[PDB]
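Notes follow once the structure below has been shown.
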Ligand SMILES: *[C@@H]1O[C@H](CO)[C@@H](O)[C@H](O)[C@H]1NC(C)=O
């Protein structure tokens, strides 16, 4: 077994998303584009980071 | 480090130790340290109690 | 003598961890952790009772536990809790224990049975005492300042903090059954048991006497003893009785909250060296501590850093003064005095130094 | 901080449950099907997949609120009170009064009026949030619109009021197969968290360093503006000029002086007077100050006075017994560049 993660709280903006994340323990967050270009990113999180995409 | 110890019929404590860095591998992105009541299930290698190799 | 738990009973619930990775059912299931106290002491709710016997005494020697749908008494001494190292128990009453435990991330409890068995459970609960004051201290001092902080108390009489207790639904166990040449035999041994089988004939029935249903497989169906004598206090794990939400029977939670003073260490007084309108403070942390400085004028010039090693820091005083706060010690104020003796009035002018050291950049561009 | 109440889940076999709305804060419910829970003695019930599970939960205030909490106020204006020490008839006397130009205080037959404060500036702000002993300038969200994971996530009118407001996205989940339990997606408490990222208190961020206290909340010892003081002094303290001894043959000298934050200047004056008696001393130039207020004069004698200046060369008059004496000297810079006392 492996735990899930606290579902983040997402706020809004013009073509922009502001996801606030509660780790509750060291956890990984990654994002990537849906097109031919990845725009890969992957960070480690241990505190509540409010991130914008 | 890693030490072992035992008590003799001599009523003596015999102990030995070796420096061995024991780091459980983080399985999945969520670096979890105690498995949950609720969560996903993933494969992972492990041992068994069988006594016939 | 704070005796309200006559009809209570312990659980035997699915603990998340019975040890060695697999999760099983234990009598020491825990489902509530309270850590709002600033001091760091924690309430721990626990499934089984403590401080009582089957006869409803109040000696702390024993505690009550469920097993085989029957109560039993076991020594209180063997109870223990851990996060990273053995912790310290202070509260022992009903279903709540007051414990203080050093910095730890998980939290397990364990006890020894009259079965001479060790039953243990654990939950991952990140326990981080809040740093009170700037000086991040880990063991309170012989000498130091005193600050308020929330904490608990040993009182055993609460004020309107009620928890409901309801009649246990049932415990469906098939050990009572046994196959007698295709004839299932159900044994009651002195309880109220509802049997219900898909088999025809007496498919359903509540009885208190040993019964037999012939010409039917034991795996055909299940039966459950319907206990409704001593009430069981509500928990998410336990299933509901399936009639409604609440049931009569309420108990108060002891160990209330109050805030009291607690000690906090001072900080090594730094050694200060000197310079032209400049101060060089060398700091000995002795542990993680905060150092901040701010101007005395309408502009703050705020700064606040964390320090854990000896940093030698330099500050440039403004004409209006500067105050620095170090740890929880009283802040030190430094404001400039005239700069230098280098300037002097005499046959060689030496006034440019006067008007530079005092009012630099002013009365000099005037020249 | 809030407490999440989740009573024992409703289990059922061969039948289905139903959600009935509850008029409770953030109350939530859900149902699931096909769950086959197992207990210690075996399966709870036989219906392999016809069984159902109903769960529900809500959130309430914690009894700890009665002791620990954070309170948001909308303080806007303020009033000023102050303490003064006055040297009257050769003794220090303490006075206390509202520094707003209204309060008048009588002491030792004299009427003192203080204020109003020249500057209306304050270190506070229209909206403030207070912990047990700390104050913060911070714009809290409007009541009833708390953002989860942030300050104000739970709103209560008073520590004792039963009514509350909450916003915690309490969503349930399907229970783990083979087990009886209730999962909850309880929102993490933003209140406890805000205590973790409080930041610097206003006692450090306040310009002019106005020390801040509580119960009641006050801002103290900040230097801004000036104060007007009106003193009505009965004539009893006043002494007719004839009463005061005369003064003559006034000479001044400065063996040495040192412009500094302290009374680094020393001046010796030779004086001759009619008779023994007290006499006030003053400097009529603001560039220099004198520590002493008055002095006894016997006649053809001398005296010493300690004063502070800032001019490189100190050239000033001094008034005593309604007479003026010149004083000229050349001070020198001290060695220290910075001092602690103000
Ligand atoms: C008034 O205060 C000063 C401050 O140090 C003190 O020296 C003096 O003795 C006090 N009393 C007087 C001046 O009568």
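Quick note: the coordinates plus some simple rules give every number you see, no bench work behind them. Note that we place each Cβ from the backbone using ideal geometry, even for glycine, and neighbour counts take in every protein chain shown.
Let me know the volume per residue of the alpha-carbon convex hull for the protein assembly as shown, in Å³.
On the way: hull volume 260.8 nm³, N = 815.
Normalising the Cα hull of the protein assembly as shown by residue number yields 320 Å³.
Which ordering of C:231, C:60 is given by a fewest-first count of other beta-carbon atoms within 10 Å? It would help to have the intermediate numbers written out before the result.
Working: C:231 21, C:60 13.
Listed from fewest to most nearby Cβ atoms, that is C:60, C:231.
Mean sequence separation of contacting Cα pairs (under 8 Å, at least six apart), scaled by the length of the stretch D:28-167, corresponds to a relative contact order of 16 percent. Legend: ranking of residues A:10, C:238 from fewest to most surrounding C-beta atoms inside 10 Å; resulting order A:10, C:238. All C-alpha pair distances within the stretch C:140-248, sorted into 5 Å bins from zero, spread as 2, 9, 15, 14, 11, 9, 8, 6, 5, 4, 4, 3, 3, 2, 2, 1, 0 percent across the bins.
Centre-to-centre, using Cα atoms only, the stretch D:289-342 and chain B are separated by 83 Å. For the options D:17, D:280, D:223, a Gaussian network treatment of chain D with springs between C-alpha atoms closer than 10 Å singles out D:280 as fluctuating the most.
Compute the separation of the alpha-carbon centres of the stretch C:294-327 and the stretch D:252-270 and state it in Å as a whole number. The two parts, judged by their Cα centres, are 35 Å apart.
Kirkwood hydrodynamic radius of the stretch C:220-355, from the reciprocal of the average inverse Cα-Cα distance over all distinct pairs: 22.1 Å. Over the residues of the protein assembly as shown, the helix contribution to mean residue ellipticity at 222 nm works out to -500 deg cm²/dmol, using -39500 (n - 2.57) for each DSSP H run of at least 4.
Taking other Cβ atoms within 10 Å as a rough exposure proxy, D:214, D:77, A:27, C:226 sort from fewest to most as D:77, D:214, C:226, A:27. In vacuo Debye scattering of the stretch C:39-106, one point per C-alpha: log10 I(q)/I(0) at q = 0.22 Å⁻¹? Relative scattering, expressed as log10 I(q)/I(0), comes to -0.93.
Which shape class, rounded, prolate or oblate, goes with the stretch D:228-334 when its Cα gyration tensor gives a ≥ b ≥ c as root eigenvalues, a/c under 1.5 marks rounded, and past that a/b bigger than b/c marks prolate? Don't skip to the answer; put the middle values down first.
Details: a/c = 2.56, a/b = 1.39, b/c = 1.85.
Oblate shape, in that a/c is at least 1.5 and b/c is the bigger or equal ratio.
When the inverse distances between all different Cα atoms of the stretch D:27-161 are averaged and flipped, the Kirkwood radius reads 21.8 angstrom. Legend: translational diffusion of chain B by Stokes-Einstein, Rh = Kirkwood radius over C-alpha pairs, 10 °C, 1.306 mPa s; D = 102 µm²/s.
For chain C, the equivalent ellipsoid derived from the alpha-carbon gyration tensor has semi-axes of 73, 19, 17 Å in decreasing order. Taking a quarter of the surface of the Cα convex hull of the stretch C:252-332 gives a mean projected area of 8.1 nm². The value of relative contact order for chain C, using C-alpha pairs under 8 Å at least six residues apart, is 14 percent.
Let me make sure I get this right: for the stretch C:92-156, a, b and c are the square roots of the gyration tensor eigenvalues over alpha carbons, sorted descending. Under 1.5 in a/c it's rounded, otherwise prolate if a/b > b/c, else oblate. Which is it?
Values: a/c = 2.86, a/b = 1.93, b/c = 1.48.
Since a/c reaches 1.5 and a/b is larger than b/c, the shape of the stretch C:92-156 is classed as prolate.
Under the criterion of Cα pairs below 8 Å and six or more residues apart, the relative contact order for the stretch D:207-329 equals 23 percent.
With bins 10 Å wide beginning at 0, the percent of Cα pairs of the stretch D:148-235 falling in each bin runs 12, 20, 24, 18, 11, 8, 4, 2, 1, 0.
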